[PDB]
Structures are given as structure tokens and as C-alpha cells.
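Some notes on the structure that comes next.
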Amino acid sequence: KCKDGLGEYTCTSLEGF
Amino acid sequence: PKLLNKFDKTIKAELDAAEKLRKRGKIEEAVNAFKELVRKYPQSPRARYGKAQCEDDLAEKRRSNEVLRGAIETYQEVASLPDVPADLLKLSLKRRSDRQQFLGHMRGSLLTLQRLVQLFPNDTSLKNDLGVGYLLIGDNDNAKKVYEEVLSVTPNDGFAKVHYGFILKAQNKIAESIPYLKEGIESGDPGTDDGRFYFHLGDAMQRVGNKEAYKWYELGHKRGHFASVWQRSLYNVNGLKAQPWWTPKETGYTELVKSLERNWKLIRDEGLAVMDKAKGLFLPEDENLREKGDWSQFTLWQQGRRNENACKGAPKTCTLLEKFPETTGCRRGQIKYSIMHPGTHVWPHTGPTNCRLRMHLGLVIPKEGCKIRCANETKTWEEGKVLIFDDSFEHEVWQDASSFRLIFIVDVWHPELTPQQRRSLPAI
Ligand SMILES: [Fe+3]
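Same order as they appear, the protein sequences are chains B and A. First residue of the first sequence? That's 100 in the authors' numbering, and the numbers climb one at a time after it. First residue of the second sequence? That's 331 in the authors' numbering, and the numbers climb one at a time after it.
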């Protein structure tokens, strides 16, 4: 998870439409 | 693209007719057209692929996940039919993987991509796509194994370079990651003009001391990835007011600020209580943002969700914060205690989004050694007072006191965000 920074490839989770 | 086998060529007239209906926009009429072509020619790969594309387009119109789950299956059925053209096999399975990630079935998209790589072991781009599948599920080890195979065959591929460099930088191999990032961006290959690689290349250069990091920050600003050389967040809503430092009256959350400053001692005392009787609830910073030092955090709210066990350790503070949805409902921010011990220096970094403003409540602030810089201005905390800054701007923290520094972090929605946006934005 991206909290104080941005070290992940994606910071969100896909759940469809 | 050769997509018709021998048998499909004999029925190219009926296939092109239904394909026109799909292209014209009669998705409902085209679905039933390919559906009967499949019923009439149950081994036609194109008629099965045409049924899958109609279900795909229909799932877009109806915004249905159940319809998309049906297309995902039909895309797999084209692979079971006999004498399927190689180009049709790649397109039918690649679309299945893409739609599987859209629904969040990340583990399923990995299996589909593994089948494609086993079917076409010479396609470099398919291996690169399999590496992205591992990076979306969190398996950086297997992603590194894939991009190593690509660079052993095609060492000039920039897509594999930027992803190999991203993994090395994630594994704290800062110096080794720079050449893979700088060369992959400069390769100009499709997929290398992503703001993520500009962000991590400039960050990697900043930690090693290369001043040319800002030349890469300005280049990302010119190509539209960063709002500025200072505000380098990537999950952004366009139009929001951008300034590194805010005042309480500017944010409009004046009721929240006063509740925090009027009751700051009870917030401090409940945090120190966790320090003295439950050190386990303070977890170390796990985002590699530290050059050195001890920095732990005790989170109460995260992604708009309340940790019941954490609110059992600070009950009065959770009850106080319960009255303000501007922070408890911020699904792109947290509410946490932050303890930082002497000898600590946090690297210059940027928050993931511009949709939140970050508040700092001074709880236990040593009289010297503590200072925080946002953009080009450095400020210090004060006990019982609230600092407000936009953490989407580059900020940096030092702690060089003789005792610990304890503050309270409260993230709020950006005030200029509409309530419809506050309810729709995906959580971070
Ligand atoms: Fe930060």
C-alpha cells in the first residue's frame, strides 16, 4: 500500500465497473 | 492479422456481416448473430471470437461484471477449438488477461499469461506482459526473473529496462537501478513514458547525490506526468488548489483544528499510554523512506476504515475524531500517531495523491533538532498546534534531538473536492 510514499507499482485495487 | 483458418475462409461472408453489426453499434443484434454462427459452425474460431468481442463491448455498455465474466470464458473457448490461427490465439487470450485484471482476478490473469508464454516462447512482449502480472500481484521476485530472461535475449528493450530498474529500486539497490531507468526512459520504446519511472529515477538520483535528478523531474513535468517539479504525485484530480503550506482558515476545517488544539493533551496522553504499555501497536515505517533512524507509526484510520483494535488503545481520541467525516472518510489518507527518534533523516519524497491535505498535531516536540521542509520552506512543530501542508509536494524531515518526537497525523480531503468525488475516488 502507498501511504506516506509511492513505492508500489500500483497504489489502487481493481474491482471492475 | 491473419485470423481466419481454412474453414472460416469458406464462411467469411457470414462472419463479416455480424462483425459489421458490432462495428455499427448494434451490439445486441451482433451478439445474437455470432451466437447463431457459433450454433451453426461450432468449430469456427472467428465466430467464437466474434461472440467474445460482442460480450466484451456489451459488458462495457451495461457496465456489468457478470457479462464480462462471460466474455472471459468465451475468450478461453477460442483456445480449445481446433486449427486456431496463431494471431487469433494471441488476441483472444491477451484480451482475457486484460479483462481479468480489470475485474481484479489478478491470479487468473497470471495463469492466462503463463499459458501464452508457454505457447509462444519466442514472443518477448508476452514475457514483458507476464512481468507486469507479477508486479500487480506483489511478486517482485518472479517479476525480476522474467525481465532477466528478456534482457538476456533482447538487452536493448527499454520496457524491460524500466521494469528491471523499478524492481532494483524497490529492493533498495539504488545505484544499480539508475542505469536501467535512465536507459529505458531514453529508449523511447512503447510503455517507457510513464511518470512512475521518472519519479523513481529522480528519487534514486537524489539519494545517491546526483543533482541531475531535477532535470528528470522537469522532463516529467514537460511531458505531463508531474504537475510541477515539486508536486510529483501521480494519482491526481486536475484543478485542485496546489500550495505546499496551508492555514486552518484556508482549508475550511476550522472545527477540526480547534477540536485538535483544544484537546491535544488527551491525544498525547493516549499515545504515550500506547508507548508505555503497548509498544507492539507502533509499527515501523515500511516504505523505505528512511535514510537512517527509527520511525514508527500507530494507525487508527486507514483508507477510511477504523481499526477496532487500535481504537481500543486510544478510545477517547477515536471518539473525538468520530465527529469529523472530513478525516475519517478520507479514503486516500490516514489518522495515526508518528514517533521519530534522534538520528533520523527521512528522504525527500512525495505522497501518492493530491486529493488529501496532511495535518500534524504537535504532541511531544523536543526544543531542538526537529524540522520539516516542504518545497523550499522549512518549518517546525509546536506542542498543541497544528501544521497543515500538501504532502504531494516534495518534503523532507530531520530528527536530531536528544529525545523522541511524537506527533499526530490527520489527513483530510482536499477542500475543493466535490462530495461526488469524495464518494467515487478509488481508495489509496
Ligand atoms: Fe511524507
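No residue lacks a Cβ here, since even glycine has one placed at the ideal position from N, Cα and C.
- Task: Let me have the residue list for ligand 1: C-beta closer than 6 Å to any non-hydrogen atom, ordered along the chain.
- Result: B/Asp103, A/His679, A/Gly681, A/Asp721 and A/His725
- CB of residue 773 of chain A within 9 Å of CB of A/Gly692, strictly: Residue 773 of chain A falls outside the range modelled here, since chain A spans only 331 to 758, and no answer is possible.
- Message: Please report whether the beta-carbon of A/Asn618 lies at a distance below 9 Å from any beta-carbon of chain B.
- Response: Walking along the second sequence from the start, residue 618 of chain A turns up at place 288. For A/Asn618, the answer is yes, since a Cβ of chain B falls inside 9 Å of its Cβ.
- Query: Does the pairing of the region 339-346 of chain A with the region 636-654 of chain A give three or more beta-carbon distances under 8 Å?
  - Reply: no
- Query: If you draw a straight line from the alpha carbon of A/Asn593 to that of A/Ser722, how long is it in whole angstroms?
  - Reply: As a position in the second sequence, residue 593 of chain A is number 263, starting the count at 1. As a position in the second sequence, residue 722 of chain A is number 392, starting the count at 1. Distance between the alpha carbons of A/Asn593 and A/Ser722 is about 28 Å.
- Message: So within the region 689-724 of chain A, which uninterrupted beta strand (DSSP E) runs reach at least 3 residues, ignoring any that extend past its ends?
- Response: 700-704, 707-709 and 716-719
- Under 9 Å between C-beta atoms of A/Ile504 and A/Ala534: Within the second sequence, numbered from 1, the residue matching residue 504 of chain A stands at position 174. Within the second sequence, numbered from 1, the residue matching residue 534 of chain A stands at position 204. Cβ distance < 9 Å, so A/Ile504 and A/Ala534 count as in contact.
- Other residues of its chain near A/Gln373: CB distance less than 6 Å, five sequence neighbours each side excluded: As a position in the second sequence, residue 373 of chain A is number 43, starting the count at 1. Cβ neighbours of A/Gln373 beyond the five flanking positions: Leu411.
- Item | C-alpha distance - A/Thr680 paired with A/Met689, whole-angstrom precision | On the second sequence, position 350 is the one that residue 680 of chain A refers to. On the second sequence, position 359 is the one that residue 689 of chain A refers to. Roughly 15 Å between the two C-alpha positions.
- Under 8 Å between beta-carbons, which chain B residues line up against A/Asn395? List them in chain order, please. Reading the second sequence from its first residue, position 65 is the one you call residue 395 of chain A. Those are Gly115 and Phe116, listed as they occur along chain B.
- Residue of A/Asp519, A/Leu423 and A/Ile758 minimising C-alpha distance to A/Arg661: To locate residue 661 of chain A, count along the second sequence from 1; it is residue 331. Among A/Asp519, A/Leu423 and A/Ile758, the Cα nearest to that of A/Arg661 belongs to A/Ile758.
- Check the DSSP bridge columns for residue 290 of chain A and list the partner residues they point to. Here chain A has residues from 331 to 758 only, and residue 290 of chain A is not among them.
- Which chain B residues sit within Cβ distance under 8 Å of A/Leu433? Start at 1 with the first residue of the second sequence, and residue 433 of chain A comes out as number 103. Result: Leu113, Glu114 and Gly115.
- Query: List, in order along the chain, the chain B residues whose C-beta lies closer than 9 Å to that of A/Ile758?
  - Reply: Here the question's residue 758 of chain A lines up with position 428 in the second sequence. Correct list: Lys100, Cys101, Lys102, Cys110 and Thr111.
- Contact set between the region 563-581 of chain A and chain B, restricted to residues whose Cβ is under 7 Å from the partner: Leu564 and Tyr565
- Item | Contacting positions in the region 672-692 of chain A - beta carbon closer than 7 Å to chain B | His679, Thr680, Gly681 and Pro682
- Query: In terms of residues, what are the limits of the alpha helix (DSSP H) holding A/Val397?
  - Reply: The sequence position of residue 397 of chain A within the second sequence is 67, counting from 1. That run of the alpha helix (DSSP H) goes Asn395 to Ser410.
- Message: Tell me the residue span of the alpha helix (DSSP H) that contains A/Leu511.
- Response: Position 181 of the second sequence, counted from the first residue, corresponds to residue 511 of chain A. From DSSP, the alpha helix (DSSP H) with A/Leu511 extends over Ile504 to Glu516.
- Going by beta carbon distance, what residues of the same chain come within less than 7 Å of A/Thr674, once the five residues before and after it are set aside? The residue you call residue 674 of chain A lines up with position 344 of the second sequence. For A/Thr674, where only same-chain residues beyond five positions count, the Cβ hits under 7 Å are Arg620, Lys622, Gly623, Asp624, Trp625 and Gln729.
- In three-state terms, what does DSSP make of B/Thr111? For this step, residue 111 of chain B is matched to residue 12 along the first sequence. B/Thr111: coil per DSSP, three-state reduction.
- Counting only the same chain and skipping the five closest in sequence on each side, list residues whose C-beta sits under 8 Å from that of A/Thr484. Taking the first residue of the second sequence as position 1, residue 484 of chain A is located at position 154. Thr454 and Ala490, listed in sequence order.
- Task: With a 10 Å radius around its C-beta and 16 neighbouring C-beta atoms as the bar for buried, classify A/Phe496 as buried or exposed.
- Result: Residue 496 of chain A sits at position 166 when you count from the first residue of the second sequence. Buried: at least 16 other Cβ atoms inside 10 Å.
- Task: Report the three-state DSSP secondary structure of B/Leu105 (helix, strand or coil).
- Result: As a working note, residue 105 of chain B is residue 6 in the first sequence. B/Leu105: coil per DSSP, three-state reduction.
- Item | Distance between A/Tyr565 and A/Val559 (C-alpha atoms, nearest Å) | Here residue 559 of chain A refers to the residue found at position 229 when the second sequence is read from its first residue. Here residue 565 of chain A refers to the residue found at position 235 when the second sequence is read from its first residue. The alpha-carbon atoms of A/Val559 and A/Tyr565 are separated by roughly 16 Å.
- Message: Distance check for A/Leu433 and A/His671, CA to CA, integer angstroms please.
- Response: Reading the second sequence from its first residue, position 341 is the one you call residue 671 of chain A. Reading the second sequence from its first residue, position 103 is the one you call residue 433 of chain A. When rounded, the distance between both Cα atoms is 43 Å.
- Query: In its own chain, which residues sit with a C-beta less than 7 Å from the C-beta of A/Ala608, not counting the 5 before and 5 after it?
  - Reply: Numbered from its first residue, the second sequence carries residue 608 of chain A at position 278. If we look at A/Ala608 and ignore the five residues flanking it on each side, its Cβ neighbours are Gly643.
- Query: Between A/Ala557 and chain B, is there a C-beta pair that is closer than 9 Å?
  - Reply: Here residue 557 of chain A refers to the residue found at position 227 of the second sequence. No, no contact with chain B.
- Buried or exposed: which applies to A/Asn684, given that a residue is buried once 16 or more other Cβ atoms fall within 10 Å of its Cβ? What you label residue 684 of chain A is simply residue 354 of the second sequence in a count that begins at 1. With 16 or more Cβ atoms within 10 Å of its Cβ, A/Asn684 is classed as buried.
- Message: Please list, in chain order, the chain B residues whose beta carbon lies closer than 7 Å to that of A/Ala401.
- Response: If you number the second sequence from 1, residue 401 of chain A lands on position 71. None at all; the shortest Cβ gap to chain B is about 13 Å.
- At a CB-CB cut-off below 9 Å, which residues of chain B make contact with A/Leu466? Walking along the second sequence from the start, residue 466 of chain A turns up at place 136. Chain B residues near A/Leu466: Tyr108, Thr109 and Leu113.
- Item | Local Cβ density within 10 Å of A/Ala347, reported as buried at 16 or more and exposed below that | Start at 1 with the first residue of the second sequence, and residue 347 of chain A comes out as number 17. That one is exposed.
- Beta-carbon contacts of A/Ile357 that lie in its chain and below 7 Å, excluding the five residues immediately before and after: Taking the second sequence and counting its residues from 1, the one referred to as residue 357 of chain A is at position 27. Excluding residues within five positions, the ones whose Cβ falls inside 7 Å are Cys384, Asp387, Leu388 and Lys391.
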